$ cat coords_33.tsv   # TSV, N, CA, C and O atoms
chain	number	residue	atom	x	y	z
V	1	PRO	N	108.96	92.02	82.46
V	1	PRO	CA	108.37	93.35	82.64
V	1	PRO	C	106.97	93.28	83.25
V	1	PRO	O	106.19	92.38	82.91
V	2	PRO	N	106.64	94.21	84.15
V	2	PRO	CA	105.35	94.22	84.84
V	2	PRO	C	104.20	94.63	83.92
V	2	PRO	O	104.40	95.39	82.97
V	3	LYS	N	103.01	94.11	84.20
V	3	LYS	CA	101.86	94.32	83.33
V	3	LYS	C	101.33	95.74	83.44
V	3	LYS	O	101.26	96.31	84.54
V	4	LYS	N	100.95	96.32	82.31
V	4	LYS	CA	100.35	97.64	82.28
V	4	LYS	C	98.83	97.50	82.32
V	4	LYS	O	98.23	96.96	81.39
V	5	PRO	N	98.18	97.93	83.41
V	5	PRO	CA	96.73	97.83	83.54
V	5	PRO	C	95.99	98.73	82.56
V	5	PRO	O	96.40	99.87	82.32
V	6	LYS	N	94.91	98.21	82.00
V	6	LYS	CA	94.11	98.95	81.03
V	6	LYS	C	93.34	100.07	81.72
V	6	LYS	O	92.53	99.81	82.62
V	7	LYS	N	93.59	101.30	81.31
V	7	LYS	CA	92.92	102.46	81.89
V	7	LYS	C	91.41	102.39	81.62
V	7	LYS	O	90.99	102.37	80.46
V	8	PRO	N	90.59	102.34	82.68
V	8	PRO	CA	89.14	102.19	82.53
V	8	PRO	C	88.46	103.49	82.14
V	8	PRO	O	88.85	104.57	82.60
V	9	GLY	N	87.46	103.40	81.28
V	9	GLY	CA	86.74	104.59	80.86
V	9	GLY	C	85.45	104.77	81.63
V	9	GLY	O	85.41	104.55	82.85
V	10	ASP	N	84.40	105.15	80.93
V	10	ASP	CA	83.10	105.39	81.55
V	10	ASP	C	82.45	104.09	82.00
V	10	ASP	O	81.67	104.06	82.95
V	11	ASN	N	82.80	103.00	81.32
V	11	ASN	CA	82.26	101.69	81.66
V	11	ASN	C	83.05	101.07	82.81
V	11	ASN	O	83.59	99.97	82.70
V	12	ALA	N	83.12	101.80	83.92
V	12	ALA	CA	83.82	101.33	85.10
V	12	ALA	C	83.08	101.76	86.36
V	12	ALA	O	82.58	102.89	86.45
V	13	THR	N	83.02	100.86	87.33
V	13	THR	CA	82.41	101.16	88.62
V	13	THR	C	83.50	101.39	89.67
V	13	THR	O	84.63	100.94	89.47
V	14	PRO	N	83.21	102.12	90.77
V	14	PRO	CA	84.23	102.48	91.78
V	14	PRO	C	85.14	101.32	92.18
V	14	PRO	O	86.33	101.52	92.43
V	15	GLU	N	84.60	100.10	92.21
V	15	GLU	CA	85.39	98.93	92.60
V	15	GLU	C	86.50	98.66	91.58
V	15	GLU	O	87.62	98.29	91.95
V	16	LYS	N	86.21	98.86	90.30
V	16	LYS	CA	87.21	98.65	89.26
V	16	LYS	C	88.18	99.82	89.20
V	16	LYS	O	89.31	99.68	88.75
V	17	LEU	N	87.74	100.98	89.68
V	17	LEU	CA	88.62	102.13	89.79
V	17	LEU	C	89.62	101.91	90.90
V	17	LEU	O	90.81	102.19	90.75
V	18	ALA	N	89.13	101.38	92.02
V	18	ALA	CA	89.98	101.02	93.14
V	18	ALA	C	90.93	99.91	92.75
V	18	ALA	O	92.12	99.92	93.09
V	19	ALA	N	90.41	98.94	92.00
V	19	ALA	CA	91.21	97.86	91.47
V	19	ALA	C	92.30	98.40	90.56
V	19	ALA	O	93.45	97.99	90.63
V	20	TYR	N	91.92	99.35	89.71
V	20	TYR	CA	92.86	99.99	88.80
V	20	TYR	C	93.92	100.75	89.59
V	20	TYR	O	95.09	100.74	89.21
V	21	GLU	N	93.51	101.40	90.67
V	21	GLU	CA	94.45	102.11	91.53
V	21	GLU	C	95.45	101.14	92.15
V	21	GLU	O	96.64	101.43	92.22
V	22	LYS	N	94.97	99.98	92.58
V	22	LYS	CA	95.84	98.97	93.17
V	22	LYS	C	96.80	98.41	92.13
V	22	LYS	O	98.00	98.30	92.39
V	23	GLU	N	96.29	98.08	90.95
V	23	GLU	CA	97.11	97.54	89.89
V	23	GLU	C	98.08	98.58	89.34
V	23	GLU	O	99.18	98.25	88.90
V	24	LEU	N	97.66	99.84	89.36
V	24	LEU	CA	98.51	100.93	88.90
V	24	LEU	C	99.63	101.17	89.90
V	24	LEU	O	100.79	101.36	89.51
V	25	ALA	N	99.29	101.16	91.18
V	25	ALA	CA	100.28	101.28	92.24
V	25	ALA	C	101.25	100.12	92.19
V	25	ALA	O	102.47	100.29	92.32
V	26	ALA	N	100.71	98.93	91.97
V	26	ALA	CA	101.51	97.73	91.82
V	26	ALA	C	102.43	97.85	90.61
V	26	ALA	O	103.59	97.47	90.66
V	27	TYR	N	101.89	98.40	89.52
V	27	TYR	CA	102.66	98.63	88.31
V	27	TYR	C	103.83	99.57	88.59
V	27	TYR	O	104.96	99.29	88.19
V	28	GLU	N	103.57	100.66	89.30
V	28	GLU	CA	104.61	101.61	89.64
V	28	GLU	C	105.65	100.97	90.56
V	28	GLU	O	106.85	101.19	90.39
V	29	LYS	N	105.19	100.16	91.50
V	29	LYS	CA	106.07	99.49	92.45
V	29	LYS	C	106.99	98.49	91.74
V	29	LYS	O	108.21	98.49	91.94
V	30	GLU	N	106.40	97.67	90.87
V	30	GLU	CA	107.16	96.66	90.14
V	30	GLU	C	108.07	97.31	89.09
V	30	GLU	O	109.19	96.85	88.87
V	31	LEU	N	107.59	98.36	88.45
V	31	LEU	CA	108.39	99.09	87.47
V	31	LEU	C	109.57	99.77	88.16
V	31	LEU	O	110.67	99.85	87.60
V	32	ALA	N	109.35	100.24	89.39
V	32	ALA	CA	110.42	100.83	90.19
V	32	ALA	C	111.44	99.76	90.55
V	32	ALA	O	112.65	99.99	90.47
V	33	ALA	N	110.95	98.59	90.95
V	33	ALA	CA	111.81	97.47	91.29
V	33	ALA	C	112.62	97.00	90.09
V	33	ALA	O	113.78	96.61	90.23
V	34	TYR	N	112.01	97.03	88.91
V	34	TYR	CA	112.70	96.64	87.69
V	34	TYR	C	113.75	97.67	87.31
V	34	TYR	O	114.93	97.35	87.18

$ encode --input "coords_33.tsv" --output "structure tokens"
Amino acid sequence: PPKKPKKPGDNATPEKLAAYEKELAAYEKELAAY
């Protein structure tokens, strides 16, 4: 099963938000594939 990325709170900078978006998209892609 694909990894679920930890939803970032206030302690997050735009780069980690973008990273989260990539990992979240990846999560959706891999979950779709599964």

$ axis_aligned_box --input "coords_33.tsv" --around "segment 23-33 of chain V" --padding-each-side "3 Å" --output "AutoDock Vina command-line options"
--center_x 105.0 --center_y 99.1 --center_z 90.0 --size_x 23.5 --size_y 11.0 --size_z 11.0

$ residues_around --input "coords_33.tsv" --residues "segment 21-29 of chain V" --least-positions-apart "6" --cutoff "8 Å" --atoms "only C-alpha atoms" --output "list in words"
residues 2, 3, 4 and 5 of chain V

$ write_last_selection --input "coords_33.tsv" --atoms "N, CA, C and O atoms" --output "PDB file, keeping the file's coordinate frame"
ATOM      1  N   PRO V   2     106.640  94.210  84.150  1.00  0.00           N
ATOM      2  CA  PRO V   2     105.350  94.220  84.840  1.00  0.00           C
ATOM      3  C   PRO V   2     104.200  94.630  83.920  1.00  0.00           C
ATOM      4  O   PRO V   2     104.400  95.390  82.970  1.00  0.00           O
ATOM      5  N   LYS V   3     103.010  94.110  84.200  1.00  0.00           N
ATOM      6  CA  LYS V   3     101.860  94.320  83.330  1.00  0.00           C
ATOM      7  C   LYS V   3     101.330  95.740  83.440  1.00  0.00           C
ATOM      8  O   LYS V   3     101.260  96.310  84.540  1.00  0.00           O
ATOM      9  N   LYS V   4     100.950  96.320  82.310  1.00  0.00           N
ATOM     10  CA  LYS V   4     100.350  97.640  82.280  1.00  0.00           C
ATOM     11  C   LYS V   4      98.830  97.500  82.320  1.00  0.00           C
ATOM     12  O   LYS V   4      98.230  96.960  81.390  1.00  0.00           O
ATOM     13  N   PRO V   5      98.180  97.930  83.410  1.00  0.00           N
ATOM     14  CA  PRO V   5      96.730  97.830  83.540  1.00  0.00           C
ATOM     15  C   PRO V   5      95.990  98.730  82.560  1.00  0.00           C
ATOM     16  O   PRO V   5      96.400  99.870  82.320  1.00  0.00           O
TER      17      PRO V   5
END

$ atom_distance --input "coords_33.tsv" --atom1 "atom N of residue 19 of chain V" --atom2 "atom C of residue 7 of chain V"
11.0 Å

$ atom_distance --input "coords_33.tsv" --atom1 "atom CA of residue 34 of chain V" --atom2 "atom O of residue 17 of chain V"
22.8 Å

$ select_by_dssp --input "coords_33.tsv" --residues "chain V" --states "alpha helix (DSSP H)" --output "PyMOL selection string"
chain V and resi 14-33

$ atom_distance --input "coords_33.tsv" --atom1 "atom N of residue 18 of chain V" --atom2 "atom O of residue 6 of chain V"
10.1 Å
